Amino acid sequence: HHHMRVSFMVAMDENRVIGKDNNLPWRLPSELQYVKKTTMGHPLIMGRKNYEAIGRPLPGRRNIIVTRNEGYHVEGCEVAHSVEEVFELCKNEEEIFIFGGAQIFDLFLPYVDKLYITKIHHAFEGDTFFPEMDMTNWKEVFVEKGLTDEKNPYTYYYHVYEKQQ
């Protein structure tokens, strides 16, 4: 019914942790640069909580914020209130990026075609998690080691998966 590619863009740790105290648990600017490169020119779909922590519209991409608040407005951003409204807004898009956080990852989980997932080899203290996924009918199409140096203090890998059927 929807015809834009639904992609998940996420970074998580050994226990699926993605967030702590309404923020990121880790500082990895190189991972952020990979994120910016991959998502450039494509809509970003983010939950209200995810967006507000970010604070600003992210440049070179349609910023779409998901909230139940029927009177929510932010300048230079579009607002959706459901999965379907997002699909309407993105009717003609090539590929959209579900950008988090957990509640929004849950929301769109039945619709994911492609998963860009960064795996961090460390056990962080956290309160927000990426939901479990049945990977049957999923094929790993890409994997590479992330940059570990003095500015990026963890070991991590970029993985990309595509759904077969």
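Residue numbers run from 1 along the displayed sequence.
Peer 1: Should the higher mean CA B-factor in the entry be assigned to 99-107 or to 59-67?
Peer 2: Per the deposited B-factors, the answer is 59-67.
Peer 1: Looking at the entry, does 118-126 or 35-43 show the higher mean C-alpha B-factor?
Peer 2: Looking at the record's C-alpha B-factors, the answer is 35-43.
Peer 1: C-alpha B factor of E150, ranked within the chain: lowest, middle or highest third?
Peer 2: Highest third.
Peer 1: What third of its chain, lowest, middle or highest, does the C-alpha temperature factor of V74 fall into?
Peer 2: It belongs to the highest third of the chain when residues are ordered by C-alpha B-factor.
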